[PDB]
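Presented as structure tokens, the chain that follows is alone, the form deposited in one PDB entry.
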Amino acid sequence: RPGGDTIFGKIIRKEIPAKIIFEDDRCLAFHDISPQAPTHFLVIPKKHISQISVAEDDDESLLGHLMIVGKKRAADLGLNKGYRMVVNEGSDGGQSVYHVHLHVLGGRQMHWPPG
């Protein structure tokens, strides 16, 4: 099945419910069920890429699209004071699901370091 069988692949195919914000032919934005900020959503490609460390050179446009969609959805959600975008890679990055995802967090002051 297209997208794979991680929870994110299932969400892409409407097999597991999610609170969807935005969808286009390349990606999907939906709210994180364990939010770490007052607003916390994910932008994922529909194409299955397990982790950023294995993304291909020709995935540049798609990865950039995640960020453009993230910033547009953040504006649509009224995050007018700003936000933080995060991609986790692997164990040290805290990556929970092996399907590439961009976190977008806002609605409060984010702190430094970023974890």
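In this text, residue numbers run from 1 along the sequence as written.
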| remark: Mean B factor on CA atoms, stretches 80-88 and 56-64, record says higher is 56-64
| request: Determine, for stretches 12-20 and 99-107, which one has the higher mean CA B-factor as deposited. | output: 12-20
| query | Which third, lowest, middle or highest, does the CA B-factor of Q51 fall in along this chain? | reply | middle
| request: Would you mind ranking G115 by its C-alpha B-factor against the rest of the chain and naming the third, lowest, middle or highest? | output: middle
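The same protein has a further form, the form solved in complex with a small molecule, not shown here; the description that follows concerns it.
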| field | Position in contact with the small molecule when the complex is considered in the deposited complex, options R26, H48, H31, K71, heavy atoms within 4.5 Å | value | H31
| Contact between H65 and the small molecule in the deposited complex at 4.5 Å, heavy atoms? | no
| field | Contact test in the deposited complex: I11 vs the small molecule, heavy atoms, 4.5 Å | value | yes
| task | May I ask you to check whether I21 falls inside a 4.5 Å heavy atom distance of the small molecule in the deposited complex? | result | no
| task | Can you work out whether the small molecule is within 4.5 angstroms of a heavy atom in all three of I7, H40 and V97 in the deposited complex? | result | yes
